[PDB]
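A.B. asks: Below are the structure tokens for one structure; questions will follow.
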Amino acid sequence: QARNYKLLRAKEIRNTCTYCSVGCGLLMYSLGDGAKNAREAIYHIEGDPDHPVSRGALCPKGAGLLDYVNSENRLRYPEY
Amino acid sequence: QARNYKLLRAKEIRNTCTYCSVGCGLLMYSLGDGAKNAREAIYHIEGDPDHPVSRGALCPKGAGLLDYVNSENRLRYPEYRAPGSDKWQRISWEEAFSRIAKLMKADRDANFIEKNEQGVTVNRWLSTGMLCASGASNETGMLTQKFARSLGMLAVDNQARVXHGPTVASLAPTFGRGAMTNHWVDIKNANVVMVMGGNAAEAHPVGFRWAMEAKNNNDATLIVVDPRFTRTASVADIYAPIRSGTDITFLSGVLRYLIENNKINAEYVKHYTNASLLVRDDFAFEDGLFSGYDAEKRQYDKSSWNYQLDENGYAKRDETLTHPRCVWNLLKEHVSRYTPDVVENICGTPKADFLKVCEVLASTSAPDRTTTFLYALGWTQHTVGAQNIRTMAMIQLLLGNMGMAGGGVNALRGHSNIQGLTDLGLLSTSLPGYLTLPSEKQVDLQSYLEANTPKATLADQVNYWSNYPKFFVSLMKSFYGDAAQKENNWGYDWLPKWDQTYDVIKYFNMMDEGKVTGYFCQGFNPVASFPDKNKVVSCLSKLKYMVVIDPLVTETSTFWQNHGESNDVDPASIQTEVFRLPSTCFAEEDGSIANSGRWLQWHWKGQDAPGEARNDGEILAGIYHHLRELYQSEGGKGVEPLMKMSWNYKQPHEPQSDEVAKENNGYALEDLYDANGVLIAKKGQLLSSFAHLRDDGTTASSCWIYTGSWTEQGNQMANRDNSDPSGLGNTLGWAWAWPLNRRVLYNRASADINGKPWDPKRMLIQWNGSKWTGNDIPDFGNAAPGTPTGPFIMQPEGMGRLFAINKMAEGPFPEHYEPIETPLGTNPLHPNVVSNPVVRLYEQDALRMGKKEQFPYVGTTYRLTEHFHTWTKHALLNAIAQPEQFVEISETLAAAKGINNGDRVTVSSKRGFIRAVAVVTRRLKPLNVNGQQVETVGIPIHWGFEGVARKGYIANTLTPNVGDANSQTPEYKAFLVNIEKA
Amino acid sequence: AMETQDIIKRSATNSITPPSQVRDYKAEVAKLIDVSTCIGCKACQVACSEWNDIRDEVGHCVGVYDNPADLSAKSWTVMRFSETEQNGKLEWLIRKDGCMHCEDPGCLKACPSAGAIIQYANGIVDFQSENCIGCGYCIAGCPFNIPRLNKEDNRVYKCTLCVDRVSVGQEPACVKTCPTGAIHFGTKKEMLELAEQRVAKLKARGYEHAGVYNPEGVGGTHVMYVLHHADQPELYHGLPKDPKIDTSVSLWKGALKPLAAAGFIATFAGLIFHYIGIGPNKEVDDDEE
Amino acid sequence: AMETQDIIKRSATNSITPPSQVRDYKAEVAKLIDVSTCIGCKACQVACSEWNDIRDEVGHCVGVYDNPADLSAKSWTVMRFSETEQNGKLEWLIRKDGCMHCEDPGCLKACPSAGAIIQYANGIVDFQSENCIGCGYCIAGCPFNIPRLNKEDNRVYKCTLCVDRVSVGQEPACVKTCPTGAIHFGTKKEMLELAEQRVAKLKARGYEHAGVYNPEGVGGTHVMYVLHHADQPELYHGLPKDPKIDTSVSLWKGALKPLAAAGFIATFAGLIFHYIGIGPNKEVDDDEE
Ligand SMILES: Nc1nc2c(c(=O)[nH]1)N[C@H]1C(S)=C(S)[C@@H](COP(=O)(O)OP(=O)(O)OC[C@H]3O[C@@H](n4cnc5c(=O)[nH]c(N)nc54)[C@H](O)[C@@H]3O)O[C@H]1N2
Ligand SMILES: Nc1nc2c(c(=O)[nH]1)N[C@H]1C(S)=C(S)[C@@H](COP(=O)(O)OP(=O)(O)OC[C@H]3O[C@@H](n4cnc5c(=O)[nH]c(N)nc54)[C@H](O)[C@@H]3O)O[C@H]1N2
Ligand code: SF4
Ligand code: SF4
Ligand code: SF4
Ligand code: SF4
Ligand code: SF4
Ligand code: SF4
Ligand code: SF4
Ligand code: SF4
Ligand code: SF4
Ligand code: SF4
Ligand SMILES: [Mo+6]
């Protein structure tokens, strides 16, 4: 049968798209249930169906947020 | 490993079962997470484990809801059948609305009656009528009420007419209200559960769990008295047979037994019933007739059926109960004739069985033991239906079981919302909140209010109906708003005034005479449900137009179509224009419905309806706005009453459920103050209690008993707190019950005159020195223990009536009368008066009645657990459960006719025939009655000519067109038939 | 297969190569059907088919309430009705029928296809269809006549004890739906407790032979009954008295196999050593000298 | 395999041994892509790859907005752009491309490996990779040129209609994400209804040949389109007009097999009966007498 649904026990967090002013609602999913010993890591993001403006939709920018959050070019340390 | 759990990411929606009145909670699952791009589709439904009544359970009907919601027979598009045509033609919604409005306006302009012959404005329309949907929400109900009355319609009925009308007609006069007195879970507190005049294990299965809880875990005795050994009998401690139509004899025999053995709660009787009141000396009964009979009009002059009056105008009393004219002594005399031998001779019930029942019931005369009665159609569907119920209610008063947890009268309602539609008044002469439309003799507001506001008949009583004016004026403010003012008597003359009651049998008699032009069938299938189907089809064929609103294909919508023996008509000869409009079902709208225990429960939408189906309010609005616009530009008759009705919704073409529910609850139209100058409510706010309604135009409510359902604190019908602090099964935090959340009616009677509980382990209310408090909301005011104030607060005398004064059509005490079609051809108690002397029987119907020489067996109709009327046969799961039509007969009758189990047979009556498979069983046995052997042929009512189960015949092809003398509810439960091998 | 690593029995699998079962520390579960509280509503039939995505045909009425008339590939549970006067008065005995989830399943014992039938540590016996060859041996091996072949795919199907619900923590669909609570579910240990409490109550009402149906002949079952007349289970539409795997099936699937194995090996040895020992039988072994 | 017991078609499986499919009472689902409401944003490409855990290479621009330029093992859906003046004025026709989930799939029909391709009762056609041998027959069998081989594991991949989401009650990722609602999802019955309503609106705007693309040649599809110009599907970057399984493929996978089977059996019989009938052809059959 099909692979299991990958978000079944992930932590779900509400947020807003970071790009344009439409303000689409997001539902972000992190590995870990919030316990102190688990360092949360977002591994999937999709739309919030209840948001009145976006109603679950996300354009290619909002839909690809995972690759920005986890970009290889994220800054890690103060540099001089 | 196992297949993955199929609902893990589905949208979960809470709703309520759409079939019977138990009101089981549902959890529906839809494909899609609610995103706008995903069109939700329900693909699974199961129970809600937190619901206090169902606790996750669902019977085969509720469990198979998916197959109804997704039935292949769901309606998708507006369809039209032309005069003489044999096919449907799809049309647009706008075409349907315009065509219907045009037909309605032409008919209303031609036949509207502005004034009657005595010069009184009556504004009534009688040539077009409506049947209303008891399976639809309360909000749809109110919109229908406004639609119908603003147009002046009086031929407006819902299923109550053919169902529990007799209950309202008997329980209201006896206790003050016509509703089920306790609630489902409360049944678990009973010591004796009596199932007579009903078959709860098949008709209300999930609710019946609580009777099984009483039996299995409260050591209760379960008794079943029925002509058939049913599935309820399967689990009963005691089963006793009875001939259909003889309940009054059996129950009157119980009354005689209790009185003779002094098995009564004496203090309860002395104080809480009218046992001590004195009856006029001219009241009498002899040889089957009470005093005042007018043999030519076949009605009674009820002047003598009243109390003697004292010097202050109140009923005279004799607290010692020794006066020959006290109700108690007259009751004793009346039932003295019903000995065990008489019961055996008329009912067929063996004396040994009857004794067992008497003894067990008698054991509950003790203050700390109770019997609860669970009944429905076995008692209501008779020409003496209301009197059947009167007798049982009297028994509960003698035993002191009213107002008690585990006691009361649980008159189990039918349709999921028949309670709501009755509450909202979708009955010929009714208005919401058990108010009444003006009769044409009441020429002004003053006369109208005086006729409907009862004067107290004993001093120091609550007599709450004295508040009638506040409820009426508030209703008018809700209907008309600013147009209703003191100056024009709150719009009084805009309401249609009645000259008589336009019940369904009467209206179809009119239809047969060509007096009816059009008819609306909203969630009602008369071709299947009305008596004498062959006559019904003949009547409908005379209509010029018919509008059907339903989520499914119904036999009524296709009455013009030939279906062989099942419906042998010639389409070319029927000129009726038929409109079939596709509506939503329960799962496709939000709204509320009232269950049997008076619980108004909210439910939520799970998916959009299929195709172009629209919600009921949208359909009414489409027709209504098209029609009113025609009047705006053309003028016509009865323009003002139609145009003044309010339709104050943000989107007039799409009224929302919350808007209507709030109207029903009510609003303060000006700031309101109590007598001490304290603000009770601000202008514009929702009211919290009907106690705040006023008769001066400052308050509005379209259903006063619903005030408190949606307040400033929110939608109480959506409450989901299942806490039961007392352990008695009372959950005040789940949904909201009327009136004012009181779960057990008459609960002041759960305690004695000093306020002490009859059973300390079942305290419902108690006195704290200044007010009544407890495990239930007191159905009482603040009268201290020891005062004369009675516990039945809607009664002018504050008592339960053993003697029903002038309220019943055929007598203040019940009396045995045989069914119109009786297997005996006589009445053993009084041969001079065989059947009810006040029954109405039209000449045309009298000609269609059969006699025992040609139709020797008792015919009776009833339900099977697996199907709901002729509705579930459209759902595959239920069709699989009971696929083919059958009838039940005894081994004795089968042997006499040469019928082997499973053989095909033809059952017939004077009116028609059906053919079916024979289920031969010992569960049906002949009874010895008045020297004869009486056989019963049982006919389940679930098959017909539309659906996915095997095609069959409408059971009503067999039934007589005659009903209860009070409500005109058909005698579907006792008639005559013959049977032959087929 | 074996992803759950709690398979305690597997069809057609040699005893010396047992199935993966390290995760076997789990409580056994059980369904308890108290027929004395059953009202024959058939809600269980409907809930089962709805949940399991199956629909049988619209049948016929042949004189009884029973319908469908028998279990089938599309009806995994059916209510069976019996009217009797054998105990002194008319009684309508109604019993829910379907897989008993035997501790020692005859279906699994008779099955010739490796992995077609398995038993989980919690007591559920289930069919793994990918391995079913449609031989029907399980129908005869079953003491309760439960397995049913689907003509459309040549495979057997039956009640799975809602393994897809139980595996993730939820009770079966029929259990939840039962209007009167005639059907109970939980750990077998506590269901046995509830059964004995119910039997005590029935005895107090006059049913001196009330009892729990949990047949020792098949090692106990994970679907049990509380019966008013446990001394006469046949009254409930043929429920077997003292059921057990048939002796012919036990011999066929048991001793016959190794016996045949020994014969084969011994025969091969004999013939081989015979040829070698004596040599061929040709026309002339004499003029070879 | 077959855990869901609702497999209505399975590749390289003899017709007399059908796959497990007792749980087949389920409504067919469908995705409806209304190209007249599509804005060519590519959100669907992004949502698909994000959800499915796949990433194609960073390609090149060769003069058009299209990118990636074609479906691949790492791009299960791609937007295809077409500029035309064929209808009287400049139009930019944009179409989402990917598996059509055909009712009668050519990929499954051409596949030679048992169980490598299956069709679920709800209409989803999916690849069971454990059985894929990388032959590529499905690429030619597909009327829409959809399957794509992954060089890293020799297996084909394509749009799964988000079987992992749909199986548990949620709509596909691309469906949910579509900014303008050009993509709809639900039961096929109601999607057909929405499609006809949309076609009516387009006709009212002047598109007299607007229509639904649900090709009868492949038995209908579970991914359908609403097209402004249904009379000219080629305008939408080559969408086939009246697609069907190729005649050569139908013959190859059809009649050729049993014909060859008969020849083989008949040949074996002939040769065997021939040898026996006439006997060997040795140097001297004459001095044997
Ligand atoms: N399964 C199912 N449930 C239902 C419905 C349904 O269609 N199917 N409909 C719902 C509705 S609308 C309602 S009103 C209720 C009614 O529910 P009930 O009235 O309990 O049910 P019925 O099956 O009509 O029959 C009542 C019983 O009375 C017996 N009976 C017949 N004549 C007499 C008589 O004269 N005296 C006595 N004492 N018994 C008699 C019949 O054999 C039958 O078993 O059911 C509701 N619940
Ligand atoms: N022989 C005999 N006759 C009887 C009886 C009997 O015991 N025996 N019992 C009588 C009784 S008590 C009753 S209640 C009647 C019932 O008989 P009816 O109420 O006429 O019959 P139902 O089949 O329940 O159908 C009513 C309709 O409601 C439709 N409906 C569902 N939801 C909605 C909705 O939201 N909106 C609209 N507009 N429609 C909706 C259903 O699809 C159905 O077509 O039968 C009565 N007639
Ligand atoms: S998802 Fe797209 S439209 Fe929405 S806020 Fe982000 S960039 Fe804007
Ligand atoms: S029909 Fe009645 S008893 Fe059955 S599930 Fe629906 S509400 Fe409950
Ligand atoms: S659901 Fe329960 S009460 Fe109903 S038939 Fe099945 S076991 Fe009996
Ligand atoms: S009842 Fe039959 S099918 Fe079920 S586990 Fe037992 S032997 Fe196997
Ligand atoms: S039919 Fe039964 S015995 Fe045969 S392989 Fe399938 S499960 Fe095993
Ligand atoms: S346990 Fe599940 S599979 Fe078995 S009868 Fe009940 S609902 Fe059906
Ligand atoms: S997400 Fe929707 S609008 Fe955007 S390119 Fe894909 S189908 Fe077109
Ligand atoms: S589009 Fe091609 S890959 Fe997709 S289902 Fe159809 S034939 Fe198979
Ligand atoms: S490449 Fe295609 S045709 Fe070849 S085995 Fe894989 S799925 Fe089948
Ligand atoms: S349905 Fe799922 S697999 Fe197919 S294109 Fe959309 S997101 Fe990708
Ligand atoms: Mo009813």
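Counting starts with 1 at the first residue shown.
Determination method: X-ray crystallography, 1.6 Å.
Note: Cβ is positioned from N, Cα and C throughout, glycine not excepted.
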A.B. asks: Kindly point out which candidate in D:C38, D:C41, D:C48 is recorded by Swiss-Prot as part of the [4Fe-4S] cluster 2 site with D:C159, D:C162, D:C174.
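C.D. replies: Candidate listed by Swiss-Prot for the same site: D:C48.
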A.B. asks: D:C99, D:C102, D:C107 bind [4Fe-4S] cluster 3 in Swiss-Prot, but which of D:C44, D:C61, D:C142 does that record place at the same site?
C.D. replies: D:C142
A.B. asks: Would you identify which residue of D:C138, D:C178 Swiss-Prot lists as part of the [4Fe-4S] cluster 1 site it also attributes to D:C38, D:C41, D:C44?
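C.D. replies: Among D:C138, D:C178, only D:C178 appears alongside D:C38, D:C41, D:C44 as [4Fe-4S] cluster 1-binding in Swiss-Prot.
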A.B. asks: Cβ within less than 8 Å of a chain A Cβ is the test here; which of the binding-site residues D:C99, D:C102, D:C132, D:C135, D:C138, D:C159 meet it?
C.D. replies: none
A.B. asks: Against the domain '4Fe-4S ferredoxin-type 1' (D:29-57), which of these stretches has the most C-beta pairs under 8 Å: D:90-122, D:123-152, D:157-188?
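C.D. replies: When the Cβ pairs under 8 Å are tallied, D:157-188 comes out ahead.
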A.B. asks: Could you check which of the binding-site residues D:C102, D:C111, D:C178 is the closest Cα neighbour of D:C159 ([4Fe-4S] cluster 2 binding site)?
C.D. replies: D:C102
A.B. asks: Counting every protein chain present, what is the number of Cβ atoms, excluding its own, within 10 Å of the Cβ of D:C41 ([4Fe-4S] cluster 1 binding site)?
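C.D. replies: Result for D:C41 ([4Fe-4S] cluster 1 binding site): 19 other Cβ atoms within 10 Å.
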A.B. asks: Please spell out the DSSP helix, strand and coil residue counts for the domain '4Fe-4S ferredoxin-type 1' (D:29-57).
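C.D. replies: Summed by class, the stretch gives 10 helix, 6 strand, 13 coil.
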A.B. asks: I want to check the contact list for D:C174 ([4Fe-4S] cluster 2 binding site): same chain, sequence separation of six or more, C-beta distance under 8 angstroms. What comes out?
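C.D. replies: D:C174 ([4Fe-4S] cluster 2 binding site) has long-range Cβ partners D:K31, D:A43, D:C44, D:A47, D:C48, D:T77, D:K96, D:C162, D:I183.
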A.B. asks: Would you identify the secondary structure of D:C102 ([4Fe-4S] cluster 3 binding site) according to DSSP, in three states?
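C.D. replies: In three-state terms, D:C102 ([4Fe-4S] cluster 3 binding site) counts as strand.
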A.B. asks: Filter the binding-site residues D:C44, D:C48, D:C102, D:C159, D:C174, D:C178 down to the ones with a Cβ under 8 Å from chain B's Cβ atoms, keeping sequence order.
C.D. replies: D:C178
A.B. asks: Among D:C38, D:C48, D:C132, D:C174, which binding-site residues lie by ligand 11, judged by Cβ under 6 Å to any atom?
C.D. replies: D:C132
A.B. asks: Other than D:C111, D:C132, D:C135, D:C138, which residues of the same chain sit close to [4Fe-4S] cluster 4? List them in sequence order, counting a residue when its Cβ is within 8 Å of the Cβ centroid of the site.
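C.D. replies: Near the [4Fe-4S] cluster 4 site, the remaining chain residues are D:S11, D:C107, D:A110, D:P112, D:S113, D:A116, D:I117, D:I133, D:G134, D:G136, D:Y137, D:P147, D:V156.
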A.B. asks: Within 8 Å of the Cβ centroid of the [4Fe-4S] cluster 2 site residues D:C48, D:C159, D:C162, D:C174, which other residues of the same chain have their Cβ?
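C.D. replies: Checked against the 8 Å cutoff, the neighbours are D:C44, D:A47, D:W51, D:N52, D:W76, D:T77, D:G98, D:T160, D:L161, D:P172, D:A173, D:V175.
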A.B. asks: Provide the three-state DSSP residue tally for the domain '4Fe-4S ferredoxin-type 3' (D:123-152): helix first, then strand, then coil.
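C.D. replies: Per-class counts: 8 helix, 6 strand, 16 coil.
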